[PDB]
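These notes are about the structure you will find just below.
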Ligand code: HEM
Ligand code: HEM
Ligand code: HEM
Ligand code: HEM
Ligand SMILES: [Mg+2]
């Protein structure tokens, strides 16, 4: 088999997301760092095992792919598509390389980002840096448990990893990132029961609302999607709270992994464009997207053989 | 028996430092929050015990003291004094209120900061916000172990807490804060042995250099101070690394606690102004101060009664 | 000078409460066990240290005291007083001996209870046995954080331990126990905001309601009491959830420790008999008392002396 | 593949065993709960991961199966078979549904039991509820280590999961439960060496007795069984201590999982009816069975597609 | 005065180092003594809070007179040999003791390495033992070890020199003996017979009742009452050690007390017996091959 | 397919290495103990789960194999080959049985060793006994992080376990042991930068030196080897510090596992005999080998199905 990157990670309480663009002439410096990134992860993380749980997933954008590599393109790799809905917009922002860094502690994420950015100085321009923290009981910036219905084990592997549909790229995945800022004032003005109707779960106990009470425009209803077979279409998410209390900046950095970008893009269309029964996802009345990018995260042996 | 604030804390791997100025007319809102800050600490932290280890130490500046309170001033409270050395300068920057927030996780620091700044909205202007992280083996941004020679137990209590010398304020302490930015490139250009001559301890094993090889201008030599009786004068320090890899900002946020600011100010004079044997602390050839402020952290019962 | 029992314990996730009456002729068997109870605690607990945190607090009722001992009575020892309110009743039930057994695991509590009851077979009749468990985020059976405003450190010692006011019994405490069963159907019919008006704290974040919106008949308002000097009167509580899902028994086992029973009894009078502004504690509309007893927990050296 | 339920769980120190009958007319409410039980397990357990280790195994009895489902039946599903031995009896008691709930803390077990029974109120009658706790060194109520010779990994999967011998029910297992009470007075009247001859292993070190000293009527000799091919026949056991010190109730709740009930029933016949060499298992001279039931635990996809 | 870390948290690992001071080694020794506390902080700090590293430094009677002028601690004298009818407590040489404890052997070894590095060419090693506790606090005989140690203020009153010897307040006396066990003979006894040797139940660690506890059980003989009828207590941290290949199965005994009189009265009852007991039955399965006595000064004494 | 022994273990901070020779006539006692070693592991270890992480890997030497078992030999089992280099020697020392015992605590390793040796008394003679401890940040006796480039997961299983190339022994592995003593005085006389040119990685941060600076005779350059297709050949290491401060004994006990002894023996030839670019591994100028032995660690089912 090919060795995937650590897409399927254990639960982690800390993350750094780095998005960067490749300057004129930066290609060779980038290809060098890509062939070393797995060995840098071992160097920073190994001495802190078993508690550190440090990992890095590397993604490459559509335009960056053609600057870096000759030969085939992964069949689903394209630039993020903007959605201009009746009320809400999903923007596209620039990005060539993503580093999704996770661990039990921010300091280990920081030490790996420092070695990666040290090797790229003068080849890349930073577009975004986010220092994520999960709340001690797995809660998100809105006060709800985050991750409950993610797939696990073999269902997670089937949902996330490219297979025989695109054999040269088996063991890869597609990552969509969006930085959201929340209107926390408007959100905390709702009763808990009104917040539960926005999400589609109980806030304190995390039990799903039944199909007879769950509104059509609740976040859980709109991100539930069935294929032609009537099989559930799933993705793997690891969204992280972030912010600054001084600047009144309270955010969710969304990341979702899927075997094909079509599943994530169908969920975004239902959220932003609505359906027959729902104008839009109620969660977008409290959350504004300010970034949007799409990346292919190759199998680790692809990056190693550079 | 006055109750000190949690100046003497267990080791913590995460911190938020908040420094704000009090807007004109903000006095009443500030005095209200001060009388509730201990109950806010309990509310956010209690449900995360015993691993959270959340605490908040609240400091008040010299000029803020006069706007907030009638009656006595603590004997040692004055504005931070600028040091204009031949090569290096310790700047004085504005601050009325300090919140030193510590825990095992950044998310807990953030939830308490969020409730404090919620209560002060419209009454204060943010001057500094720093999210600190300690490395997993107690190392700082320069790669050295940080905290080793801090006093513990009764020696710590005698070094840090105001007593019979100023009985109205017994159980208070004085805090000095300074934000440093490092020249990491210049630092990593030194051999380990040359780094050890700058600090005055072995890098890997944390053993102090013997008095016959320790340079007079090493950091440990200059911050070792004896009183008139020939006793060691100690302070309690809890400096944290911080940074942004995107902006190439690699920093140490210094905080020192002492029973009287004279001990901390004598250390700063030796570091910046030098002695007969040393022009300046060699650590300042790799570290620039961009803030400097001084605060009195009163006994907890003082804040509770106002 | 006297050694208190482990009244001030570290947080524990498991407990057993054993209340027994002394059969006629049981006196000598009981006095023998009381002089050995500390050595049994060490025998069961030592091999699980330091994580086990096994402790047993032993209490003696007013009528039992007179059967067991000649000489002085603790000044405040009397039988629990029944409270006959217009709507709610605090019943008095028999109890000669209390064993308050706490640890990080149920199995350790059970092994010490097994040795204690082994020594007392044929000298005592069991009146109550409760196996308590804490929820993983310090929540009680109603879904609220329990323990938040307990006193700590020196304020805990001052609030709980008998001193110079009763010198022969210094290092003792008084314990009040009540078993409550909840109407969980009626409780879960309230909105979260209506539950918050019953307790007097926010449910998810545990922040106290501000003094102008906290109802006078909320639980927190009625159990806040000021002495003549204007000081807060405090007790130390370690209440535990318990239950059987099959019998629909959802309960709180209340225990409160105080230096004098007057403080605990003033809180119970406000809850059950009301004030000018509150007919009764709203928590009693969802909580029925089915036991009530009062015990003196002597200094450890008092039990050893026998 | 079919997905099995969590029959092969990690070690857990807490359990709840719930056995109910289905009331007349209750069928529809039960089939609803069965299709939701996995979603309830994720909802209660997710926020405690990865330490919580919460899992629920659902079993259905022979008579209940015929009330709930039409069509083909698991080949081995029948009501528990009573064993009337010369001295000892294995009773059959009523049970239609089993919930085997396991976690690292009792409170997590209790919260999932509460949500299961909340959905079944008015459709089922409780027959048995046991709160199990393991001793801190894996010991049982007799003072011996319990679980040592359980199969692990692939040998465990082969021992427990239905395969090609019953292809419509692949991924299922058969569970036998028995609640035992011990005569602890009679037991503790044996020497350690006499206790070792009852079990067939050393008490302090858990080393199996040599084939030259292991008695024919020791527990390990009688539950050791070889098939016609000379392979070991294994089951997976997760027996838990339970009891009440006040009632002098000291028990073991036995559960055994096997791919066919023939293996568990051959072990029970040797224990209760004896063999050529042994009248009965000596463990039954200190252990009385007061319940006995048999359940089929289907693959998880069976329960989901209801 | 600040005591050394005599009263430590429970630890699962220890190194015991006993050395003699070579002629001319005195100055090198006095230099290392004034730095041992800063070496403990250096090695241990970065491994907090799990490390639990401490070093207790002791000085023998003969070594005291070579190192220091002025007062002697009142109770400091050479370990006394006990020539009993059946069992012997030997006296073996020892000038300096380092009792190193932590959660992990590697931390003990790193501190030992820095101490012995500073003393190279000034000292000769007499004994080095790497100790390990079993996961349920059991010792080499299979019994729970440490159960009756005093705690808190009763421990401080039992262990630390006070007003009776004010120049040395905050010090303690340490007695060490290395024991080797006859494990074959021991495992030949029934559990019940082992319980009569110790005076405690093996599985549950409950003390035997006063009507069944033999007079020559280990717990009966090491129970000693003062004139007022109070228990005289010591603090013990004995550790298992061994080599499986050389069939060496041992207990390294260390006991701390405010005066050596308490520890020496217990050793006289064990080895010489009384009217009621020939000797401690534990000595029929345990041979002492070292014996030494040290004063562990207050930490401020080592600093000055 | 079959059950391997616990060759691929979780990280462990404590280990006991026991090497013994089988006395004449000891064969039957040895074969008895081999069929019980897995049940002895369960007995001592189960009650300490989940923290104990106790395991035992049992190895059999080439000459012991012939005395114990009458059928086929594993294809690669032979006595350790001595390497007589210009400067440095890798000696071959006697050993018939290896017990590689690992856990989170030394006491658990010691209790299993005690039960194993109890069953073997009078049938075997002890040749080596080492009580190993790892430093709290995975560092070795030289102060460098040890284990960093070990393979993990499926790459580890492919590197270590016998498969279709030798089907009767599938799920087995080959273990090489060497006890090294260090010259710590000579080592601590080097600058940190000079230590880094000996190893080939940075001491504080464990980052590999660039291909532009990494010397030909650094330890990392010489133990990197590519097969004919240009794939890396890998082994799995679990080397442990050991010592006695009194005797000035500071050591590393090396153990390496591989699917074929040819990978480990090629690395040892480059270290001790050198190449075109390097006379010898610079690590050997501060490390002397005092033992060397080779063992086959069979599949667990092989030990169990015995007599
Ligand atoms: C804008 C900020 C967002 C927040 C705060 C948020 C929050 C949540 C929460 C609380 C849940 C329920 C617990 C869980 O299953 O994790 C959830 C579920 C989910 N979210 Fe989001 N979400 C956000 C954005 C998105 C986006 C952008 C997507 C996909 C494009 C998405 C897809 C999902 C999916 C697929 C589920 C699982 C649905 C199910 O139960 O089947 N979410 N989210
Ligand atoms: C660049 C900013 C700073 C860095 C990176 C730094 C770093 C360190 C380090 C690595 C040590 C040795 C380990 C320890 O005992 O903590 C130390 C010691 C110390 N530092 Fe700093 N320091 C900084 C600024 C300051 C300032 C501004 C002062 C005082 C005004 C100070 C006071 C001390 C003192 C008192 C010691 C203890 C020395 C002793 O008695 O051994 N440091 N510092
Ligand atoms: C081979 C050497 C030794 C072994 C294996 C050993 C073992 C034990 C054990 C298992 C206990 C009972 C539980 C507890 O720790 O309280 C005990 C108690 C004790 N031992 Fe020892 N011991 C040894 C040597 C010594 C020596 C030489 C002394 C005194 C000089 C001593 C003094 C004590 C004392 C005072 C107690 C507590 C007595 C009490 O219950 O008041 N031990 N020992
Ligand atoms: C004194 C003995 C030794 C010491 C102190 C030592 C130390 C080291 C160190 C510190 C590393 C780097 C980090 C890592 O991957 O672990 C390493 C790597 C390595 N050592 Fe050793 N080692 C020793 C002996 C040996 C021997 C005898 C072999 C093989 C016969 C060996 C094979 C390796 C290999 C294959 C690597 C990984 C290199 C790579 O591909 O990056 N070592 N060793
Ligand atoms: Mg009975």
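Protein chains in written order, with the working numbering: chain A, 63 to 368; chain B, 63 to 368; chain C, 63 to 368; chain D, 63 to 368; chain E, 2 to 305; chain F, 4 to 310. Don't be surprised by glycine CBs; every beta carbon is placed ideally from N, CA and C.
Q. According to DSSP, is residue 303 of chain A helix, strand or coil?
A. Stepping through the first chain from its first residue, residue 303 of chain A is reached at position 241. Of the three classes helix, strand and coil, the one that applies to residue 303 of chain A here is strand, per DSSP.
Q) Which residue comes first and which comes last in the alpha helix (DSSP H) that contains residue 348 of chain A? A) Along the first chain, one-based indexing puts residue 348 of chain A at 286. Looking at the DSSP string, residue 348 of chain A is not in any alpha helix (DSSP H), and its letter there is neither H nor E.
(Q) Less than 8 Å between CB atoms is the rule here; does residue 305 of chain F satisfy it with respect to chain D? (A) Stepping through the sixth chain from its first residue, residue 305 of chain F is reached at position 302. For residue 305 of chain F, the answer is no, since every Cβ of chain D falls outside 8 Å of its Cβ.
Q. Do residue 345 of chain B and residue 326 of chain B come within 8 Å of each other at the CB atom, strictly closer than that value?
A. In the second chain, residue 326 of chain B corresponds to position 264, counting from 1. In the second chain, residue 345 of chain B corresponds to position 283, counting from 1. Contact flag unset, no.
Q) Given that a residue counts as buried once 16 or more other Cβ atoms are within 10 Å of its Cβ, and exposed if not, what is residue 15 of chain F? A) Within the sixth chain, the letter at position 12 stands for residue 15 of chain F. Buried is the call here.
Q: Can you say whether residue 81 of chain D is buried or exposed, counting buried as having 16 or more other CB atoms within 10 angstroms of its CB?
A: Sequence index remark: in the fourth chain, residue 81 of chain D carries index 19 (1-based). That one is buried.
Q. For ligand 1, is there a heavy atom less than 7 Å away from the beta-carbon of residue 204 of chain A?
A. Translated into positions along the first chain, residue 204 of chain A becomes position 142. True, at least one ligand heavy atom lies under 7 Å from that Cβ.
Q. Pick out every residue whose C-beta is nearer than 6 Å to a heavy atom of ligand 5: which are they, in chain order?
A. D:247, D:310
Q. Between the Cα of residue 310 of chain C and the Cα atoms of C:207, C:245, C:90, C:190, which residue gives the shortest distance?
A. Taking the first residue of the third chain as position 1, residue 310 of chain C is located at position 248. If we check each option's Cα against that of residue 310 of chain C, C:245 comes out closest.
(Q) With distance defined between alpha-carbon atoms, name the residue in C:266, C:321, C:140, C:106 nearest to residue 205 of chain C. (A) As a first step, residue 205 of chain C is located in the third chain; it is residue number 143 there, counting from the start. Checking every option, the nearest Cα to that of residue 205 of chain C belongs to C:266.
Q) Taking Cβ-Cβ distances below 9 Å as the criterion, which residues of the segment 300-313 of chain C are in contact with chain D? A) 303, 305, 306, 307, 308, 309, 310, 312
Q: Check each residue of the segment 174-202 of chain C: if its Cβ is closer than 9 Å to any Cβ of chain A, include it; give the result in chain order.
A: 198, 199, 201
Q) Under three-state DSSP, which class holds residue 287 of chain A? A) The residue you call residue 287 of chain A lines up with position 225 of the first chain. Coil, per DSSP.
**Q.** Beta-carbon proximity of residue 367 of chain C to residue 64 of chain C, cut-off 8 Å
**A.** Translated into positions along the third chain, residue 367 of chain C becomes position 305. Translated into positions along the third chain, residue 64 of chain C becomes position 2. Contact flag unset, no.
(Q) Can you check whether the C-beta of residue 40 of chain E is within less than 8 Å of a C-beta belonging to chain B? (A) In the fifth chain, the residue the question calls residue 40 of chain E occupies position 39. Among the CB atoms of chain B, one or more fall inside 8 Å of the CB of residue 40 of chain E.
Q. Residue 295 of chain E by DSSP, collapsed to three states: which one?
A. Translated into positions along the fifth chain, residue 295 of chain E becomes position 294. Three-state DSSP puts residue 295 of chain E in a strand.
(Q) In the DSSP assignment, the beta strand (DSSP E) including residue 190 of chain A goes from what residue to what residue? (A) Translated into positions along the first chain, residue 190 of chain A becomes position 128. Unbroken beta strand (DSSP E) run through residue 190 of chain A: 186-195.
Q. With 8 Å set as the bound, which would you pick, yes or no: does the beta-carbon of residue 274 of chain C sit closer than that to a beta-carbon of chain D?
A. As a working mapping, residue 274 of chain C is identified with position 212 in the third chain. Taking Cβ atoms only, chain D never reaches closer than 8 Å to residue 274 of chain C, which makes this a no.
Q. Within 8 Å (strictly less), CB to CB, does residue 164 of chain C reach chain E?
A. The residue labelled residue 164 of chain C in the question sits at position 102 within the third chain. Residue 164 of chain C does not count as touching chain E.
Q.
Assuming the contact rule is C-beta atoms closer than 8 Å, residue 192 of chain E and residue 218 of chain E should be a hit. Round their C-beta distance to whole Å, please.
A. Here residue 192 of chain E refers to the residue found at position 191 when the fifth chain is read from its first residue. Here residue 218 of chain E refers to the residue found at position 217 when the fifth chain is read from its first residue. Not a contact, Cβ separation roughly 15 Å.
Q) With contact counted as at least three CB pairs below 8 Å, one residue from each stretch, are the segment 163-171 of chain D and the segment 111-119 of chain D in contact? A) yes
Q: With 9 Å as the limit, tell me which residues of the segment 136-158 of chain B have their beta carbon closer than that to any beta carbon of chain C; keep them in chain order.
A: Of all residues in the segment 136-158 of chain B, none has a Cβ within less than 9 Å of some Cβ in chain C.
Q) Taking the C-alpha atoms as reference points, what is the distance between residue 230 of chain F and residue 41 of chain F? A) Start at 1 with the first residue of the sixth chain, and residue 230 of chain F comes out as number 227. Start at 1 with the first residue of the sixth chain, and residue 41 of chain F comes out as number 38. Looking at the two C-alpha atoms, the distance is approximately 36 Å.
Q) By the 10 Å Cβ neighbour count, where 16 or more other Cβ atoms means buried, how is residue 31 of chain E classified, buried or exposed? A) Residue mapping note: residue 31 of chain E aligns to position 30 of the fifth chain, counting from 1. Around the beta-carbon of residue 31 of chain E, fewer than 16 other beta-carbon atoms lie within 10 Å, marking it exposed.
Q) Going by DSSP, which residues form a beta bridge with residue 148 of chain F? A) If you number the sixth chain from 1, residue 148 of chain F lands on position 145. Answer is F:142.
Q: Give a yes or no on whether the C-beta atoms belonging to residue 313 of chain A and residue 304 of chain A are separated by under 8 Å.
A: Taking the first residue of the first chain as 1, we reach residue 313 of chain A at position 251. Taking the first residue of the first chain as 1, we reach residue 304 of chain A at position 242. A contact, by the Cβ cut-off of 8 Å.
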